[PDB]
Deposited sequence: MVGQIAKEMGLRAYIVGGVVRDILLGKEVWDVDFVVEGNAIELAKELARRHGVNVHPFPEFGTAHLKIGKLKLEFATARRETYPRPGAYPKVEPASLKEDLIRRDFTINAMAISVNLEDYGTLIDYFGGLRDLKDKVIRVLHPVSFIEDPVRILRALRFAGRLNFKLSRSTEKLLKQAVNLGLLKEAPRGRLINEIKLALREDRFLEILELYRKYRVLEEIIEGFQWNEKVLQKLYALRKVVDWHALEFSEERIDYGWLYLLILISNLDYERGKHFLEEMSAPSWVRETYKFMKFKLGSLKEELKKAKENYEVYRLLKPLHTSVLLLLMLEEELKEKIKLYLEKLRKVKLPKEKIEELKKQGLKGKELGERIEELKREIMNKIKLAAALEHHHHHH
């Protein structure tokens, strides 16, 4: 309907940015970004009115958001900076060529891909490339972004882009960038499935040393990250109904050697979930004694008592130990599964003494 409305208003609208990329990569997304030559607000209002849905205008931003079905539509007026601006002037202000393309929703040329900067070629060559030499200097956050994309899509940085990125980091612009945008970019990164590869890129270009104060790389943490990858793969394979957010575990491994103060402060800035904070605080202190107790575990009910109250994350962190692995597994796919029939339970019931008795019966069954 957008093409028709644009025709009636004598305008030109374009699907723009990441949405295009994802499409060419065969990935379908529910968030669609439009750039309009002319007033975007009125186009959005008319689209919303014709579909009979609510509209959310932002006149100062010159953008409007509306939702149709599961589609989230964002309409933005073309602008030459973050006189009317051409679509090209709006595309050239973006980060990377693969993000810089556009698909025309205008009726005459409809479907046509618009690529000024050679983003389709870079998409075909698996290349991450900035539009201009000052790109990373303009928005240091992009330093992370590039890596993320390279991590996600298994692309590589251009020679020029790699040089410029390294130069940007060397200028210390990572410290000059707003803390919020960087932290948010990292939050975006840990949601990736290829997040470990991104972390590798982080290590290579040494961006973590700038963002997290006191943080340094070593081999133990790295190997712990890969072992964590193995465990995460296995758990997300067999136990997949029980899945949680995995990237946070990697993050905990990274800051594991950091001071509790800096760790707590970073997890504070990251706005981490409660179970992340709890798992961190448990890892920093009680995890050691817990492991030493698991070493002293003989009967299965002791393992039960020591494990069952814990969260999934703590167990996954416990699986990092070779000797404890098969034990944790045995607890998972065997030990904690059991039940009792009617008459028996009825005899067991004849307060908290019922619970204690049930515990006695369970430890009687196990051992």
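Residues of the deposited sequence lacking C-alpha coordinates fall in the stretches 83-92, 361-364, 382-396, numbered from 1.
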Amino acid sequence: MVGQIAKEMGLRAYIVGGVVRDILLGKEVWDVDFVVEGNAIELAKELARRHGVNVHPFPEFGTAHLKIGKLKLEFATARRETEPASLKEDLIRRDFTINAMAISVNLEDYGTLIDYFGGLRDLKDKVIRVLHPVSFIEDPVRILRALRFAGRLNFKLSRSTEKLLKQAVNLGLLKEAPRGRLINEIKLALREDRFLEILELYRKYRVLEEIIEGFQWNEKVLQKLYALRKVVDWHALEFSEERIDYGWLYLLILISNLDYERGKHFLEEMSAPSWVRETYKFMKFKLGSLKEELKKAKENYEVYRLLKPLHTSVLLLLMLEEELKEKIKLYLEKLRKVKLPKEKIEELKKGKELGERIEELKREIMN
From here on, numbers count along this sequence of modelled residues.
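Take the two forms, superpose them, and find the largest set of C-alpha atoms that agree within 1.5 Å; that set is the rigid core.
Core superposition of the other structures onto this form places the C-alphas of 330-338 farther off in 6 other deposited structures of this protein than those of the other stretch among 330-338 and 52-60.
Stretch 293-301 is the one, of 132-140 and 293-301, whose CA positions lie farther from the shown form in 6 other deposited structures of this protein once all structures are superposed by the rigid core. Compared with other PDB entries of the same protein, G17 is present in all of those that resolve the residues around it, none of them, let alone a third, dropping it.
Coverage remark for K352: absent from the model in at least one third of the other entries compared whose chains are built on both sides. For the pair 232-240 and 170-178, the mean Cα B-factor is higher in 232-240. The deposited model assigns a higher average Cα B-factor to 354-362 than to the other stretch when 5-13 and 354-362 are compared.
Going by the entry's values, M283 shows the largest Cα B-factor out of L188, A102, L71, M283. Note on the listed residues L307, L43, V32, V53: the highest Cα temperature factor in the record is that of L307.
Compared with the other modelled residues of the chain, the Cα B-factor recorded for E293 ranks in the highest third. Remark: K27 belongs to the middle third of its chain, ranked by C-alpha B-factor as recorded. Ranked by C-alpha B-factor against the other modelled residues of its chain, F149 falls in the lowest third. In the deposited entry, the Cα temperature factor of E268 sits in the top third of values across the chain's modelled residues.
Per the PDB record, residue ranking by Cα B-factor puts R277 in the highest third of the chain.
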